[PDB]
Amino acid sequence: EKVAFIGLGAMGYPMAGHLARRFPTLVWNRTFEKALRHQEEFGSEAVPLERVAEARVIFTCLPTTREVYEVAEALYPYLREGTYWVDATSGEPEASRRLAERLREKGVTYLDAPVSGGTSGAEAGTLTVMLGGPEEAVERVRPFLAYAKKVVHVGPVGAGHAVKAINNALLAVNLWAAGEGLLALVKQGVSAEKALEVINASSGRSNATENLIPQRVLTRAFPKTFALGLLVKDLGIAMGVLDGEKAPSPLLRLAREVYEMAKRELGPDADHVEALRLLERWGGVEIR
């Protein structure tokens, strides 16, 4: 059937590409040049936002729930009953539930579907998806997830965003702690390369030490794939998840504050892994 994608960003562009190669796909983006470019590259069709309502399934991958609200309100007058809204934005659980209630007024079923895998996973089409919403709706949308591999239904609306936020909080902690430790080792003469060869074959290994630090930090490449400002935004959502019960969570709480320092020192558009540059700055040595 016909699907539509809104938000052709670092993640949305490649994600919509997989959709375009499997289904008749309509695409829209605020900066429309991206939509025209996408049409030429993948066979999708660039359309005015209003036409997105023609789709059986509408996909969004925007910065925050705030922007998803914006596009939903713009489409509200045209939305048709029986339509599904798959939101791949790393959004806010509560605001998303309110959005789902609003969409139901038009017979549109909303599901939070944030993802993990980065731009490389998006390009490969192997993104892990954490779905939140009705089981019946989940079954209906699974076949349309052409850009994913592992798809997990984690609960009702909002549960997906909650799991994504916590996942990113763990990534943040793992990455920053590794930075602190490696900086200390490098300063006393240990090869960062050697330290990681050991760590990645030991109990302290994480996706951060295995697939981010060696490739982006040791190489000094620091490619831009996920804005530091967006990671801080996710950490903020994670704090919201922690506020539910407010059980003692000193480590994750501190994580939000340290990444905020990095954001203030390096800027929101720096890559998230560049947060380690702050440690290098204070340390007076590069993790190299």
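When you see a residue number, it is the position in the sequence shown, counting from 1.
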| request: Report the stretch with the higher mean CA temperature factor, choosing between 195 to 203 and 96 to 104 on the basis of the entry. | output: 96 to 104
| query | Per the PDB record, is the mean Cα temperature factor higher over 69 to 77 or over 166 to 174? | reply | 69 to 77
| query | From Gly125, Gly179, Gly160, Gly82, pick the one with the largest CA B-factor in the entry? | reply | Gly82
| Which one of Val27, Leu230, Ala221, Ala262 shows the biggest C-alpha B-factor in the PDB entry? | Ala221
| remark: The third of the chain into which the C-alpha temperature factor of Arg256 falls is the lowest
| task | Quick one: classify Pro143 as lowest, middle or highest third of the chain based on its Cα B-factor. | result | middle
| Looking at the C-alpha B-factor of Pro134, is it in the lowest, middle or highest third of its chain? | highest
| remark: Sorting the chain's modelled residues by C-alpha B-factor and splitting them into thirds places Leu279 in the middle
| said: Where does the C-alpha B-factor of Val3 rank in its chain, lowest, middle or highest third? | reply: middle
